[PDB]
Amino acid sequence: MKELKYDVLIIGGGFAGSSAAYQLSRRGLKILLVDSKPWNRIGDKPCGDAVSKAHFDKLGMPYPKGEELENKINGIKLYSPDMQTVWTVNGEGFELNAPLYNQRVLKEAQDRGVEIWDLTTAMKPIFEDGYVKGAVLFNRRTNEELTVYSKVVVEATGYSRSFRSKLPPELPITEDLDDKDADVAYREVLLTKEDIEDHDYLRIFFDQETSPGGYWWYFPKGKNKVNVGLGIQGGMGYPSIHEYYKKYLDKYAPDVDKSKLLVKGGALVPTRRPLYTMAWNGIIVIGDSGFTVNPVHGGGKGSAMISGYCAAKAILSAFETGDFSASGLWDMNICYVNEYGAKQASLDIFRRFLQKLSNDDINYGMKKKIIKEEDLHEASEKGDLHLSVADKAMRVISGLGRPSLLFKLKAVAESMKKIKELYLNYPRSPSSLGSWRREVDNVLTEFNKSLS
């Protein structure tokens, strides 16, 4: 078959893959990006389409404009199980036309010298001499089966992780996902009968009965269009998520016109710390494939762009040293962990605590204001549950006269603090990965027991 040689092969053109291509463009490298979907459908995976504005600023990513920006977000209203207490969190964000923006990022990267092949699937990984040296592609637009060699393969295949899963199981880069470390999520976009009240605000409904292990959401895409859906924890034996959706839709979205359905569908969402290493010999993994999703609220498009940035940084370093080993690509880990990874690890622990709380716990916690918005902002943005804040909440929880998991909040804050410092001390070399990883596991397995 035909053989082509590139510097970098990016597999997957999602938020992760497109950002990696964008950040790498116009810097002396020959890049090829492939995606199984046709160009017009790239980036249409079922999503809430809600991304923070802060993510676009930090990475120097182009703002969504025109048709790419369906609705400006100014904050989030989150509700209690009994709908009695409503917290409001202010902050600017965007309700996106995800495929439209995703395709502009691709188009711009293409204008910057990056070659993009749509309708192309990476079938078989080229693994020779202990290294990832490319992949076998199938371009069904030209019906070709090409062999593409590369110094670095960027794995950005989403939750399916279809490429790296076909690699030898001895590679740390083939770490799989535990069922309970993921949520299944489903959403629909409908037009509403009446105009949406406070359409510049997102709505999040916490309820362990209507969405166990997750939550419901009401994300307005305009004055009369809303993205409504839910997420539940996998590997728990819960019935189909569409059963939960069909049963409790009217509670969280009574205003929607069910005869004006636009899109529908669902997918898997990783809710854990990232891969213990996101880089190995001749390969870097980003996006959902590298578990870059926020463990608490499930947002992963912002952190996918971040992983793409760090992937671009590490690859440029690898070429300047001519070293494409795990050691030569190790900056991928150091960069991402400092940017979002260390936060994920801390929120991984906090997630496990939240998922086991009862509706009575959440109702009491929100009504009695165990934390204020000042520390809530500090939480899901820095991953820090300050010990002074936990103490302030525990004094309120002390007023509870019934048994509850809330009484372990201080111990949770200490475990979060512990694993946070552990990730900030991420191994400087691949030869320390095994030792560090087992220490992380010990922290987690210990914590799982402390919640009982």
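Just count from 1 along the sequence shown to find any residue number.
As the entry records it, the average C-alpha temperature factor is higher for 369-377, out of 246-254 and 369-377. The question of which stretch, 60-68 or 25-33, has the higher mean Cα B factor is settled in favour of 60-68.
Between the residues 338, 346, 84, 307, it is 84 that shows the highest Cα B-factor in the PDB record. Between the residues 175, 188, 288, 195, it is 195 that shows the highest Cα B-factor in the PDB record. Placement of the Cα temperature factor of residue 214 within the chain: lowest third of the modelled residues, per the deposited record. Residue 240: CA B factor lies in the middle third for its chain, per the PDB record. Placement of the Cα temperature factor of residue 45 within the chain: lowest third of the modelled residues, per the deposited record. Ranked within its chain, residue 221 lands in the middle third, by CA B factor from the PDB record. When the CA B factors of the chain's modelled residues are split into thirds, the value for residue 128 lands in the highest one.
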